[PDB]
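Neighbour counts run over all protein chains shown; Cβ positions are idealised from the backbone, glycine included. FYI, it's all coordinate maths here, none of it is from the lab.
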Amino acid sequence: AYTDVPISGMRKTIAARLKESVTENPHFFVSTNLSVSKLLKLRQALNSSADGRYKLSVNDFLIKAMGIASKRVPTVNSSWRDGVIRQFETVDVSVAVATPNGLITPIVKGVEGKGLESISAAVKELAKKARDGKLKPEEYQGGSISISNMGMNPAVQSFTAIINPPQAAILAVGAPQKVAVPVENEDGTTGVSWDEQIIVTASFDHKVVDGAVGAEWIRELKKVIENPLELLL
Amino acid sequence: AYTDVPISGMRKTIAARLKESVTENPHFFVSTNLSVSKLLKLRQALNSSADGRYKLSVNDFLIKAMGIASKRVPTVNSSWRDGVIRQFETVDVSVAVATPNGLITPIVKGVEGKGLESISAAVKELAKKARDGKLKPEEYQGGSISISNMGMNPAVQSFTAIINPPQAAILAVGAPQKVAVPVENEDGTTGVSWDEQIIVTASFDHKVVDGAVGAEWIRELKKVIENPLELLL
Amino acid sequence: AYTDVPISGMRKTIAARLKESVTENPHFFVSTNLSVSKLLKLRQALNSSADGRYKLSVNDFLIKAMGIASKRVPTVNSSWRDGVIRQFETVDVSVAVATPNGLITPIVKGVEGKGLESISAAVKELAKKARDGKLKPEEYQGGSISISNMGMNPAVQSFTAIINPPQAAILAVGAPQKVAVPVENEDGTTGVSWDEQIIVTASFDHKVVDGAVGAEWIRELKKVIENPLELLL
Amino acid sequence: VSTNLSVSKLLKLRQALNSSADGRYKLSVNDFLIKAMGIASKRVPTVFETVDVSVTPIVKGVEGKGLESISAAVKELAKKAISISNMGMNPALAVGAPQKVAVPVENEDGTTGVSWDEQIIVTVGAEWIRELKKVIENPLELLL
Amino acid sequence: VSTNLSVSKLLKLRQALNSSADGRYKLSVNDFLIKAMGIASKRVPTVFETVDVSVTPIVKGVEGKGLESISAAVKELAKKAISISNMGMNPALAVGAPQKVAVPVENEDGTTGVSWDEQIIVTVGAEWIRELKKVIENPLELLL
Amino acid sequence: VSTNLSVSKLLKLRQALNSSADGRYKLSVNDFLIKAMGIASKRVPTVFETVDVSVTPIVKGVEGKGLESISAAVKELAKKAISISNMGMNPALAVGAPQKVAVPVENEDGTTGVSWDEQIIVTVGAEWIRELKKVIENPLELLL
Amino acid sequence: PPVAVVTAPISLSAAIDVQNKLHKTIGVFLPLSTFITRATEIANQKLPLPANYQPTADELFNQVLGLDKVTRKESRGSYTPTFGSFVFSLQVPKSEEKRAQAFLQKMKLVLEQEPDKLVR
Amino acid sequence: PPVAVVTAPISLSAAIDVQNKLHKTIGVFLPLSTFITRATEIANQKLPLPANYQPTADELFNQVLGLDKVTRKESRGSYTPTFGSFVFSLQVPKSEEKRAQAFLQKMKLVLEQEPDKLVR
Amino acid sequence: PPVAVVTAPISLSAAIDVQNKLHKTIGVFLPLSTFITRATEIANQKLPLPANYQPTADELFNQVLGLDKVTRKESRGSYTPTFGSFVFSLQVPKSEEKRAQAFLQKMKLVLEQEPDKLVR
């Protein structure tokens, strides 16, 4: 006793692509933990001084920080062509939107020279059009880096993702959690404080990137996130 | 100075299979942390009201919860054939038994409609026959999901496993550990409590499953484990 | 707008090798956490009773412990040839040195029958010659196990590495961090103590090694590290 | 044959599992008794290898089933409309209405006190009643 | 048109970002004003789609830029040597020198007290001043 | 040539490593002295490049070896049956029996007190004794 | 959310006597306030529960098991009275109104026959 | 597991005197019990160790290293006496029997010449 | 690193009076030392800050935001005086020299008009 359903035409188009990525790009992973208390405080401060114009989220902050870190270390903002390496100077980020019909890949352009409001508005307009199924092809064709977030589900601590064919890196974000940290109380002792953290995983190709480059990339991202004011410069 | 030993006939039968799985199934991982204090209390409560009929273990609880989660999300209880997808309605689980001659793959059937006692008795009868080397071939041929446990060794925190050829998922269980958590003391402050946790890793194929489906699967498993009474319905 | 740079001659020599390793060696990972407070105390005790002869580091301790663990479990100190398995009796370890021109692979010989001073002196002489670009070919050709460390960067918690072609295992070391642990205070209660830990990842091939063997290997390494005096025998 | 069952613990279990839901279901005493009947029948087979219960609609496969599935069947088939009969809806196998009785409790001080227990009266046979009864007073055994 | 701006918070922000560096850079009030000028210049376009500022060297693309890049340009071009003019270097768009003024503070006890604020005087137009002013008193809005 | 060695720390080290075992082995003073002899010989080679010790059975490769391997060899070869001789078994290179002597301790209060140390008496040569002696009083140096 | 108040008179003569006497034999002088707080601390120790109390998951689970087969009928609290004498008043919702009363009478008893108790 | 007992007489007159006197000058009245427990607390502070004490791994490690070259000869405890007077008795195994005695005499001394000490 | 000292006289008659009197009415006798430490504890509670104080990252971040818009002008400390009478002296660097003085006068006031305060 069982049932069989014919394979969809669109399911092979992604199956072949996924099968090509693994056999074409060696993978190596890097993990880190980020404290995001200050970022939450800043978001709360900036989401109450408004009258209804906008509303922000963590993903926009991560996107902007990802742009800055890309700028500081440009070797990740590259691509592997037939017989030559391609190096860019503009950062385009690919965001993943899930729908019952499948997974789409909206794009955001000019992140380096942009603010949070425009990024949010673009990400939401594109998410709406992706859900409503009137997306032009040029709008989801190519980027430099890809991001995935699963913070809506508290049961996902950390996970991995596959790199897209022409790209050389991808980032995966988990859900927040709480951990104990040591605090030097002014009385001259050590006490327990409760910090909130997220675990970030990055997958890199080893033909265009090396371990040290990825480690430096993670360091710049961390420095930009833990200190949020540095998002200005 | 060195030594050489001829390769065994049975060592190539598994080498070829392992080499075929990696090049045939793209892999992506998901991780989570489960609290198992209540489960231990329930096991202690149910292992003392008996007179010698049975004796339970964590693996049986995980197997049953794995069956329930499979039932709620059936897309993981599937398989990829030549040109059509296969969807089942009965949950068969593959358990791994290690012996000096190699690794076997006993099977348990009808888990959805079963109790802990029968599961334990089957797993132990089959483990004995696997150790004694009188196992029929039909008894280790096919399932839907595979499980591996390494809680007997305290030095294994987390690890990965390879998916079997016809299956589309596998679960790996680690050893328990202790962590600090925050408790809201009735006096109106925050204190430190010591919870015991395990880290569970799940490996999925990306042709039959997507990220959201795996995340939901992990959520159902977690909900069933942390609240153990829900094993009844 | 973009730029293109011709691919280097040395870049393909490593690209082809990396691409051959993934399609030739199935990979499975194992992770563990090690407490290194006692090791730091011992290092401090042994780096102050000297007059300038030497100066030690954690990597030497890990190398020696890795040799002992290899000796106890010899199945990892092996190799896969055309049609026969190769089993050694001497432990040679490959250390990774990063330079702007690329990544090198110095070698240390006779680790089992050696002390910390000689290991440090060899690792530093070879690191200097690798940086100065006068390394003979025989000096970086073959070993049994490979090690990688990234403790100089605090932003790297855990990461993965690729196995070399003729070898069957590799170890990756992260950066230290601080965690809370329970202590049974003599008054008859439970308190919070702050331990320092590192997370160690090991990648193994599944044609020469099995899960249980790797788990035992990790256990021997852990036992040797947490108790440092056992480095004598 | 007649017996008395104490069902205080079972009510507490029902309240625990009816509060961790969001509106999905709601259980009752009849569902628990149906599942226990299969187990009691299973241990003493003299009263086939499949257990079918008549509430006269029919429910199948109680042995390999949970409370969720059993509850849905009992209510769907009712709307369209071994044997069990219940009359617990009127406070004034056959199942009666609950009541309260006094029982002795061994106080830690070393004397005997009064506590208020809740009971119901239910009407080879002795062994069947014993196995059924064991499952009710101790409710956790419904899993195995 | 004339207005008064309070710049106490802005100084604190500058001190925060000039201490987390190792020698890489050092910021000043003029850089902040240039970026804010682009903001209010965009909100009210009547005063093109690209914003160019003359300090008479030129700075380009202030809208899509950060403080680091703007600072480096303003200093490199100075060495080789809309419009802005500053005269804050002598304590005795046009920008003046800072000064201190008394303002009322609502003490929690329920009365009015004196606090010392730092001010500078800066010389469709009203809307432009309002948008610029909003960015200065509230400095966090320089991000969006 | 004669010298006196204090072996209190060495005994404590032996007790530490003989309690973290489950029955695998058990060490003694003779094993430690053999390993130290190689090191002392290594620094002063006038007393070959391989060190062989005669206990007249033979032990090989002490330099590239640990306590576990050395102990097993010394006991296996005994059953089948430079030079070392030991007579510590009777309380009444040549090694004698242990004894206790008084030594001065600088008490933190600022005076001199009596403490009880344990000693043994052992019978280019001066340098050899010094290097051997350094290894015994400070036992941690047996690693390098 | 309906709310209700509860009130009870008080006499502070005994506390005055203890304070005066202590001042004459040692030198210690302390305010009435510490007497008020210390009485409030000893009071919020054993107070009944509302009849419409709903338990939590852990409580029911532990009962369903058998670890705490004996249930509880007491629970601490955090009250703060309102000043006044010849009266002590409190404002609380209807559900707890009854519990808030056990507090007033407990303090009303301790402060009238056991002032000495609140000394070291 | 052989067991043995140790005993010592006691005189409680001084504690009675302190209680009575305190009751006459302030009003505070407290039971003998708190004197007994407070004496027990000050006693279990400095008690020798059994001669057959075996150390643990951490202790031997630091010793071998050089952080606590100076060893310890004291260790706290948790004893509870048995009631009685004209006597205080304790039951303990043979190994600690001697340590349990240092406890009896320490309390026997404090409770006879320093009753005042156990006041605030 | 230049250093400077600050000094202030003292009179300990009142503490003597309190000790003697307490000894005659109850029996408690305690040394001057506890008076010295207890005065030192109540003193190091509210002391101004050096005029050349540099803040930290968290402080500036919180101000820039708006959580602690009201700044602080007080900070605790850990001082230990030097013995002497007819004087109390302290040695500290120049920057804090002024803060160390607020400490001397605060103790100089409490120990002269409020000895009773340091009793239970």
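Comparing Cα centroids, the range F:35-92 and the range E:17-53 end up 79 angstrom apart. With K and R counted +1 and D and E -1, the other residues having a Cβ less than 14 Å from that of residue G:110 yield a net charge of +1.
With axes computed from alpha carbons, what is the tilt in degrees of helix A:116-132 against the longest principal axis of chain A, rounded to the nearest 10 within 0 to 90? Compared with the principal axis, the helix lies near 40 degrees. Using alpha-carbon pairs under 8 Å, 6+ residues apart, how would you state the relative contact order of the range C:8-118 in percent? Rounded, it is 18 percent for the range C:8-118. Cross-link pairs exceeding 31 Å in C-alpha to C-alpha distance, out of E:79/E:134; B:114/B:222; E:26/E:80; B:178/B:223; C:223/F:60; D:12/D:60, comprise E:79/E:134. Check the straight Cα-Cα distances from residue D:75 and name the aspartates and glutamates below 13 Å, setting aside those fewer than 8 residues away within the same chain. Cα-Cα hits under 13 Å: D:31. The protein assembly as shown gives an Rg/Rh value of 0.98, both radii derived from C-alpha positions and Rh following Kirkwood. For the range E:28-118, the Stokes-Einstein estimate of translational diffusion at 37 °C and a viscosity of 0.692 mPa s comes to 208 µm²/s, using the Kirkwood hydrodynamic radius over alpha-carbon pairs.
With only Cα atoms counted, the range B:9-231 has Rg and Dmax values of 18.7, 68 Å.
Give, as a single signed number, the net charge of other residues whose beta carbon lies under 15 Å from the beta carbon of residue D:73, with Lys and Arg counted +1 and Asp and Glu -1.
Values: positive: D:26, D:35, D:60, D:65, D:75, D:79, D:80; negative: D:31, D:52, D:63, D:68, D:76.
Net of charged neighbours comes to +2.
The range H:36-87 and the range A:76-90 have Cα centres spaced 70 Å apart. Computed on the range B:9-231, with alpha-carbon pairs under 8 angstrom and 6+ residues apart, the relative contact order is 29 percent. Can you list the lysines whose alpha carbon is less than 28 Å from that of residue I:108, not counting same-chain residues fewer than 8 positions off? Here the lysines satisfying the reach criterion relative to residue I:108 are G:24, I:21, I:24, I:46, I:73, I:94, I:98, I:117. Sites listed here are GluC sites (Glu not before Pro) in the range C:71-152 whose DSSP assignment is loop and whose Cβ has at most 10 other Cβ atoms within 10 Å, and the list is empty.
By other beta-carbon atoms within 10 Å, ranking H:94, B:19 with the fewest at the front produces H:94, B:19. All C-alpha to C-alpha distances of chain H, sorted into 5 Å bins beginning at zero, yield P(r) values of 2, 9, 17, 18, 14, 12, 9, 8, 5, 3, 2, 0, 0 percent in whole numbers.
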